[PDB]
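Asker: One structure follows; several queries about it will come next.
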Amino acid sequence: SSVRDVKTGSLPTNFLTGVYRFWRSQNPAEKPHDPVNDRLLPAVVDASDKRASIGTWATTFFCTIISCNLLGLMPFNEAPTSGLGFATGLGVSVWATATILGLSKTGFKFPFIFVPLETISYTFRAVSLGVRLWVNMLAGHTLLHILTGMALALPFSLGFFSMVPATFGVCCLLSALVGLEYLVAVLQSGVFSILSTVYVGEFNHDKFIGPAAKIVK
Amino acid sequence: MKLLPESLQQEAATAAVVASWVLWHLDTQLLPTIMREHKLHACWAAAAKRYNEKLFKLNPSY
Amino acid sequence: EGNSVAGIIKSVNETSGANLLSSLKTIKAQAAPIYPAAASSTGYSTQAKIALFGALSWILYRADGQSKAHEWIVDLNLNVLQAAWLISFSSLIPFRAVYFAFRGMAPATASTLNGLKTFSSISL
Amino acid sequence: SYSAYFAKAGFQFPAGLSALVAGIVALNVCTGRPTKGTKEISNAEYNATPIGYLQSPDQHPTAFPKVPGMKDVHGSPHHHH
Amino acid sequence: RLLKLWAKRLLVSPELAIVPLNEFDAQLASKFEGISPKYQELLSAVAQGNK
Amino acid sequence: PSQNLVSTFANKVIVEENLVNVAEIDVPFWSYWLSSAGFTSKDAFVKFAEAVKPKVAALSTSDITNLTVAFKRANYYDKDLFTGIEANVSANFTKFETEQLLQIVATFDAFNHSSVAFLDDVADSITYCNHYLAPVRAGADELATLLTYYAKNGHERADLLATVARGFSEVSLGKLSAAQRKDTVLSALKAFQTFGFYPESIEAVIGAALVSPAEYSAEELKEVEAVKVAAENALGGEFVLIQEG
Amino acid sequence: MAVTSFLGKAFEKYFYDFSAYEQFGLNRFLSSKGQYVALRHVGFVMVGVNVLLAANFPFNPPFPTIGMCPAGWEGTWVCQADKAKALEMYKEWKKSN
Ligand SMILES: [Zn+2]
């Protein structure tokens, strides 16, 4: 009932400002032909009321996936997006959000032999958006499991703290794969939500209402 | 290895609960705070030329 | 709590000419804003203890089921690989350059405030 | 100057985290199915069976196993093999 | 009353003591953007305090 | 005797005299929701209007909005309550919203009740204490009620009229039915010429009539064309409808 | 002590100015400090691997050995690549040892 107090210019406030303003910049508003003044201001406000909140949705999916992907790089933790229903359940949910937005642009009625081939390549976007997140979080962690088993075979067989140039070259190969996994954790949360702005932004187009009557000169 | 979960609907609903909490938390807690300090700065930087000229025309002190 | 300029105006109006210039540091400090003083510690809040016992209750529970996972020595040697990068990030990230790089992401901190240019609001 | 005002309130959780933790727990306990390695039996079987025979060996793996596949309990020797 | 006038203006806004009283309306113009910038950037930084 | 005990319980416990005895605690909650269910009851609302009068000076702004639109729907006008309501508004005018003031004014416009201090503190609040696009979120049938309430009372606030003229567009009038759009366009042009204020967004309330003139008379289109020529030389040009494309 | 205030100040001066890159000399052998961290990293992994193995050494490995055996075991339960076989041999070995 009493909210907390926030310092202005905090680092999480500055990061989330730049993150939100990034994903909002991916689907920018289009400039009308008219000058924007008090005549055009309800047409601009109504143009914003009909645009989807992709600036908010894409930073919802950025912040929920980069938090899940980076859990996999914390010790004792696995990434939730390394699960099939989690990661592909976010991919179908973006694809259905784009489709529900594109179906409402009409009156919820669904759109010769061409259109089953536009549909297939469009329905594959559903599974491809989630499986790309799932396989990247799975295939990076699986390779790390195999190579840690190989790099444990040498000190198990040879001496503990002995024959160390054999295990140094593979502990530095294991260390450079966890480092690549920090890059794939940040990239795949970016690629998921760059693509969410692209798919949802396809149906983010409505008619500018504008002035129907003018007093020229 | 582990490919399919024990329930796919339980993992899909965990994703929808996590991503709808992040949607609620952003819309309700983060973005009001973002915009309170983004738009104090932005309104002051956009009005600064017309605020000061309106105030120059108003105060009789010159 | 009325505003401090009307407290300045009242406190300067009801002083005399003789003690005007002596009173100006106690009218200055009566209208200074409150910056609350650094209280005693009372450290580790009732929620900072939930956050650290609940994180220890999570790390012990995750290390418990990692140790019986059929690849248990590979699972427990991945926490060594993952915590090696948490150590190398404390020693490689420029934390002052990162702090001032996030300050530029936000337009509120990327500049200075800009209104009210002092020659418009004089009272002569 | 305001630095000591922000040190007073210490740690605090995010402002609705009790609804995230109660939502993730309510998905993991309201599964609507038995609890992952168990099977619902009748009350006549549960009252008649020892607690060493209700346990399966697969559900109690050894906490740091010297051989991969060691289990802590052994369960019912009355197999239907 | 002149001493009490300037007491309030220098308790609230003490940076005003850096534009001398004779050189004040030599700064003005008809528009606010035309005011001479001799003291503008100095007044803005003295107003931000001693740190 | 089961039917006898229920019927005896129904004639002495559940009546409207005890329905107004539980409704004495919080008045503007129970006043607002009952009147939305269709409970007018003119002399049950007099029990409301005296139970709330020691509280009107300390109500929140959403409580004051709930009193006036309930006492509008029940059509009951208590003049010494409605001066305590306008003394809540004109004492807390910075806290009211345009969503709340446009519903309080439309109550005060039905019951022809105004003050000069109230008409300034509603216009000061819509213009300065509220967001400048709050008229755009209003719906033009409520803004025309505010425009005539300032023309009935002869109150010329040229700053308020530039604010309310934002909320007239093709968007805001297109959400109206053409029976209600006609009742608004004539009501807005009658107020725009009473002050002689012809903003650049008068060409959307004029063009809402001239794009469909078959709903208007020739007497009302003479009223419309009187404002069109009055606005054409003020804005410095000539009116022209646009065929889209 | 105050439990949050002592070792926070001890960890602070272990984190910041406690530096074995200069207190142990070590600029004689290493070029930068960016490559002292890049092998303190790999040194942390090799130490942590060798501690995790040695803290329970007589174990049949879950990971595939590449055809190698630790010490004088070579036919025991530790090197047996069939796991139900080695469970039988470990239970025999545990009575003796
Ligand atoms: Zn793992």
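Letters A, B, ... go to the chains of the structure tokens in the order shown; residues in each chain start at 1; ligands are counted from 1 in the same order.
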Show which residues sit within 6 Å of region 100-109 of chain C, as a ChimeraX atom specification. Count only C-alpha atoms, and ignore same-chain residues fewer than 2 positions away.

Answerer: /A:14-15,17-18 /B:38,41 /C:97-98,111

Asker: Residues of the last selection are to be written out with C-alpha atoms, as a PDB file, in the first residue's frame.

Answerer:
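Contents of the output file selection_30.pdb:
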ATOM      1  CA  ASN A  14      19.333   3.265 -16.711  1.00  0.00           C
ATOM      2  CA  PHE A  15      19.753  -0.204 -18.155  1.00  0.00           C
ATOM      3  CA  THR A  17      15.531   2.601 -20.011  1.00  0.00           C
ATOM      4  CA  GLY A  18      18.025   1.820 -22.713  1.00  0.00           C
TER       5      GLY A  18
ATOM      6  CA  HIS B  38      12.888   9.919 -18.243  1.00  0.00           C
ATOM      7  CA  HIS B  41      14.322  15.198 -17.998  1.00  0.00           C
TER       8      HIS B  41
ATOM      9  CA  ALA C  97      33.415   2.164 -17.453  1.00  0.00           C
ATOM     10  CA  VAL C  98      30.372  -0.113 -17.375  1.00  0.00           C
ATOM     11  CA  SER C 111      22.952  14.886 -20.146  1.00  0.00           C
TER      12      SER C 111
END

Asker: Given a cut-off of 12 Å, which residues of chain G touch chain D, counting only C-alpha atoms, written out as a ChimeraX atom specification?

Answerer: /G:52-53,55-64,76-91,93-94

Asker: Distance limit 9 Å, reference ligand 1, atoms considered: only C-alpha atoms and all ligand atoms. Which residues make the cut? Give them as a PyMOL selection string.

Answerer: (chain A and resi 72+75-78+141-142+144-145) or (chain C and resi 66+71+74-79)

Asker: For those residues, write C-alpha atoms to a file as an mmCIF file, in the first residue's frame.

Answerer:
data_model
loop_
_atom_site.group_PDB
_atom_site.id
_atom_site.type_symbol
_atom_site.label_atom_id
_atom_site.label_comp_id
_atom_site.auth_asym_id
_atom_site.auth_seq_id
_atom_site.Cartn_x
_atom_site.Cartn_y
_atom_site.Cartn_z
ATOM 1 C CA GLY A 72 22.517 -21.820 -17.080
ATOM 2 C CA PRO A 75 26.901 -22.644 -10.786
ATOM 3 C CA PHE A 76 24.475 -25.326 -9.556
ATOM 4 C CA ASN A 77 21.872 -24.026 -11.996
ATOM 5 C CA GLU A 78 20.452 -24.971 -15.357
ATOM 6 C CA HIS A 141 25.398 -27.371 -22.516
ATOM 7 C CA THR A 142 25.564 -30.888 -23.965
ATOM 8 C CA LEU A 144 30.188 -29.005 -22.282
ATOM 9 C CA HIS A 145 29.075 -32.229 -20.606
ATOM 10 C CA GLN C 66 23.607 -32.987 -8.809
ATOM 11 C CA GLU C 71 26.937 -37.940 -14.384
ATOM 12 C CA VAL C 74 30.668 -34.169 -14.572
ATOM 13 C CA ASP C 75 27.833 -32.130 -13.049
ATOM 14 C CA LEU C 76 29.924 -31.123 -10.056
ATOM 15 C CA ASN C 77 32.843 -30.221 -12.297
ATOM 16 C CA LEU C 78 30.634 -27.955 -14.357
ATOM 17 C CA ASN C 79 29.958 -25.775 -11.333
#

Asker: Write down as a PyMOL selection string the residues of chain E whose backbone DSSP state falls under alpha helix (DSSP H).

Answerer: chain E and resi 2-12+40-46

Asker: If you count only C-alpha atoms, which residues fall within 12 Å of residue 43 (chain B), apart from same-chain ones fewer than 6 positions away, as a PDB file with N, CA, C and O atoms, in the first residue's frame?

Answerer:
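Written out: out-v8.pdb:
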ATOM      1  N   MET B  35       9.680   6.096 -16.664  1.00  0.00           N
ATOM      2  CA  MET B  35       9.100   7.256 -17.303  1.00  0.00           C
ATOM      3  C   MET B  35       8.943   8.424 -16.366  1.00  0.00           C
ATOM      4  O   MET B  35       8.737   9.530 -16.832  1.00  0.00           O
ATOM      5  N   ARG B  36       9.035   8.227 -15.069  1.00  0.00           N
ATOM      6  CA  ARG B  36       8.964   9.368 -14.182  1.00  0.00           C
ATOM      7  C   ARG B  36      10.253  10.137 -14.204  1.00  0.00           C
ATOM      8  O   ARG B  36      10.259  11.347 -14.006  1.00  0.00           O
ATOM      9  N   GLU B  37      11.352   9.465 -14.434  1.00  0.00           N
ATOM     10  CA  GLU B  37      12.612  10.160 -14.498  1.00  0.00           C
ATOM     11  C   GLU B  37      13.122  10.324 -15.905  1.00  0.00           C
ATOM     12  O   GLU B  37      13.988  11.158 -16.129  1.00  0.00           O
ATOM     13  N   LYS B  49      13.280  26.003 -23.831  1.00  0.00           N
ATOM     14  CA  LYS B  49      13.367  27.195 -24.646  1.00  0.00           C
ATOM     15  C   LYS B  49      12.090  28.003 -24.576  1.00  0.00           C
ATOM     16  O   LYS B  49      12.136  29.230 -24.573  1.00  0.00           O
ATOM     17  N   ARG B  50      10.949  27.339 -24.526  1.00  0.00           N
ATOM     18  CA  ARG B  50       9.669  28.013 -24.438  1.00  0.00           C
ATOM     19  C   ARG B  50       9.256  28.305 -23.018  1.00  0.00           C
ATOM     20  O   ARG B  50       8.383  29.138 -22.811  1.00  0.00           O
ATOM     21  N   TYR B  51       9.806  27.593 -22.045  1.00  0.00           N
ATOM     22  CA  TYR B  51       9.543  27.897 -20.649  1.00  0.00           C
ATOM     23  C   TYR B  51      10.230  29.181 -20.260  1.00  0.00           C
ATOM     24  O   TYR B  51       9.645  30.043 -19.612  1.00  0.00           O
TER      25      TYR B  51
ATOM     26  N   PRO C 107      18.597   8.580 -21.521  1.00  0.00           N
ATOM     27  CA  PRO C 107      18.732  10.008 -21.800  1.00  0.00           C
ATOM     28  C   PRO C 107      18.597  10.891 -20.582  1.00  0.00           C
ATOM     29  O   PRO C 107      18.995  12.051 -20.653  1.00  0.00           O
ATOM     30  N   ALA C 108      18.060  10.383 -19.477  1.00  0.00           N
ATOM     31  CA  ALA C 108      17.948  11.156 -18.252  1.00  0.00           C
ATOM     32  C   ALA C 108      19.288  11.375 -17.587  1.00  0.00           C
ATOM     33  O   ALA C 108      19.456  12.341 -16.843  1.00  0.00           O
ATOM     34  N   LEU C 113      20.155  18.362 -16.679  1.00  0.00           N
ATOM     35  CA  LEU C 113      18.869  19.022 -16.827  1.00  0.00           C
ATOM     36  C   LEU C 113      19.017  20.396 -17.451  1.00  0.00           C
ATOM     37  O   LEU C 113      20.034  21.064 -17.300  1.00  0.00           O
ATOM     38  N   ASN C 114      17.972  20.833 -18.133  1.00  0.00           N
ATOM     39  CA  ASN C 114      18.139  21.895 -19.088  1.00  0.00           C
ATOM     40  C   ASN C 114      17.245  23.107 -18.910  1.00  0.00           C
ATOM     41  O   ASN C 114      17.522  24.127 -19.538  1.00  0.00           O
ATOM     42  N   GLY C 115      16.204  23.066 -18.110  1.00  0.00           N
ATOM     43  CA  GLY C 115      15.341  24.225 -18.030  1.00  0.00           C
ATOM     44  C   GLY C 115      15.888  25.326 -17.158  1.00  0.00           C
ATOM     45  O   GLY C 115      17.014  25.263 -16.682  1.00  0.00           O
TER      46      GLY C 115
END
